[PDB]
Every structure is written in structure tokens, then in C-alpha cells.
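For reference, the chain that follows is the form deposited in one PDB entry, supplied as C-alpha cells.
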């Protein structure tokens, strides 16, 4: 059994399978980490996910781990997690199944030119999905009540699925069927994801296991080749699977399920929280409505449920500081990411207050929700302030302080440094696009107090609400 040696952080006893475990027995991961801070100070070690994880919780020390460092491996743990949760052989190029640099693939196809086409495609897809079936106005005249999470889930999943994996236009009559099946199968697989990253076998979850494998079946190359308007990301990944890997057909299908998960698992809860917080807070709703109305006015874009679609420029979509602030403030409150790297050798990590001996293969982790909810940095941290990331000029605020010192890293739901989401710009675009179309197509009302976060997914990104909340919507801008 492991014993603390001199210079190593305080070592907590106990085995924690995963961060969101045991909520039914009264666990609370945020409060658990905060209790460890009070007990041990800003650095402490836990046995978590079968590793020894050093938590660095001083915001002033984040820069020392988020920089590139000779002793940091920022891919090892993620590679192992993917192989384990999705079921494929090692994608670590050291293990010889592939020579692809996947970071390079993502950056090339989610940023730059590729981001522009993705963004246009998402906007077309969102409009096809959110617009009512071309029929009488009486069909869409009344208020409709639905769970908001459930609504966001189906719109964003379908739009995101078709944007990333293209569309099958050979059989249009059955695509509602296939999408609903894919949607249901993804819900069932993602449900058990916290357990899978803990090392629990997917065999323990029969329906989830079946769902994962049916999803993989739909993403076999033979099936993707039937589709049109496929993202450059998946086109390239198909090509690099074929030319740079020795993966079998199923494993190639699994690599696309990985990307499906990556594109959906955070975006869906992010969209929910942004919509909810916007509707819940009258000032936010008012500010967002005016910003979007003005942008569409200035861009000469008419809103209609049928006919001409909205086409915004890349600058018009990016220069939406009120929507940006609403999204950032929604993620500040809901984000529960683990930012990780693995010690390449024994070394001493030099931080703000102290220096700490780290062993080879130990994990050095940040849990930035601790910073996001820190009242020293964000006064009234549990309050949604739609303008929290707006300065006096109504532009995006970038000045935040801890102990009077200006923070470089103050907002981290996408990570930072090398450990950062390559899809972040596309994510912000798709949420903005969703919000724009919601404000433009619908009148919107709640029926609802703010649900707590579901911490069973602690470490996996944006936390969903513990329970859905009902809202009502009604189409506007009819003929």
C-alpha cells in the first residue's frame, strides 16, 4: 500500500472509483474536494480512477500545470479512457496500431477553413430541424409543453449528427426513424459513461452495451459511405483509418463513435443550460433578444418558418457578446471537467505556495469548477449574472482577479493550454445558432426553480440537471 514520502502532498486514504460515485449514500464531489482543501491545503492526493491523482486547487498555481512541461504527458490517460469506454485497441502511436496524430486531425478539421463550412452546415441543419413540417399554421398554432432538456437533446443531437456524419438522402422517408434510434442508443450509452471511465465493465449494463454496439454498426464505413455532406473531420478520419491504421472494421466504426460522443456529450447539456438561464432571467432574455434582433436587422436577414433561411457571416456570429456572456456564465455554473496530465518520471512540481514531489505515472489534476465557483474571483458565484463576462463597453470581459492578481486562466470549461477542446469554437457557434433560432422562431416560457447539477457525471464536462424542467414554446413568424 502507498505511503506518503517526504515532499509529497498529503495523501488521502480510501479508494474512489470515479468522482461522481456514491451519490445515493450522500457523496458530493465538489464538497468533497472543498473539504480536502480545508483539511490539507491547496494540494492533496487521492486514489481516483485507479491512479494516484494530485489535485492542484490554487487558482494562482493553474499556470504551472497548464504550461507545456518536460515531465507532462497530456495524452496517455485520455487514450486509455477512449479505448476502455468505447472498446478499441490502443490509439497511442507508441503501441503501433496507428501513426496518426489525432490532435492534428481535430485542429485541422474543427478550426480554420473547416470550421467555416461546419458552421454553415450546422446552421442549415438546425433550420431544417427546428422549422415545422411545411404545412398549415394551425398545425403549429398552440403552445407546446415539453421537458427542456429533452427538447434540446433531440434538436442538438439530430443537427449535430447530420452536420458531423452527413445525411442519407437515399431514403428520406425513414430518416426520422434512424435518427430517433441513434438518439435513443446514444442516450443509453452515454447514461453509463461515468461507470465506464471508472473501469466498470460495459457487460454490467446490457442495454447500454447493445446501444453502443448498434451505434458503432451505424458508423461503419460501409454505412457512412451512403451519406452526403459529411464533415471534413469524419471524411479525413475515414481516410486516416484506412491509410494510417491497422484497425479492423468495427474498431474503425468505434473511432467515429468516439467523435460522435465528443461532439454531443457536452454540447447538449451546454445548450440546455444556456437556454434555461436565458429564459429564467428576464434581463438576460431581454438583452439576448435585442442583440439578436439587431444583428439580423443589420445583416438584412428576415425570419420565416418557411422560405428564405438565415445566413450570418462569420464576424456576425462571433460578435455576439451578450450571447457569449450568457453561454460562458451558463458553463461557469455547470462545468465539472477534470483537466489531467500524467507524470512522465519522478519530479518536483513547483507551485505558488509550495513544491511537491510527484511520482512517475501519478496524475496531476485540476478541477476548475473550484475556481469557477470561487467567490474571491466571481462574487455571488452561485448567481447567474448574464453580463458577468461583459465589460462596461458591452464587449467581452477578460479581467478577473484572485488575491488582487490578474488571472490568465479564469474560464476553463473547454480546458486550456494543450489540454483544450479542439471543437470549442464550433461548440460556441452551434449554441449561438440554436439560441438565435429559438429567439427568432419561438415565444418561450417556463411553467420552474433551478435544478441542481447531476454530479454523477463529475469529471466528464458539462453537468446536466438532476431533473428536467418543463417549458412551453410556440412558433411565431407564420405566413
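Positions refer to the first chain, counted from 1. Think of the rigid core as the biggest set of C-alphas that the two forms share within 1.5 Å after superposition.
In what follows, reference is made to the form deposited in another entry, a form of this protein that is not presented.
### Message
For residue 466, does the CA position differ by 2 Å or more between the shown form and the other one when the superposition is done on the rigid core?
### Response
After core superposition, the C-alpha of residue 466 moves less than 2 Å between the shown form and the other one.
### Task
Since the C-alpha distance between residue 22 and residue 55 changes by 3 Å or more in the other entry, give its direction relative to the shown form: closer or farther.
So the answer is closer.
### Query
Closer or farther apart in the other entry, the C-alpha atoms of residue 213 and residue 17, for a change of 3 Å or more?
Compared with the form shown here, the C-alpha atoms of residue 213 and residue 17 sit farther apart in the other entry, by 3 Å or more.
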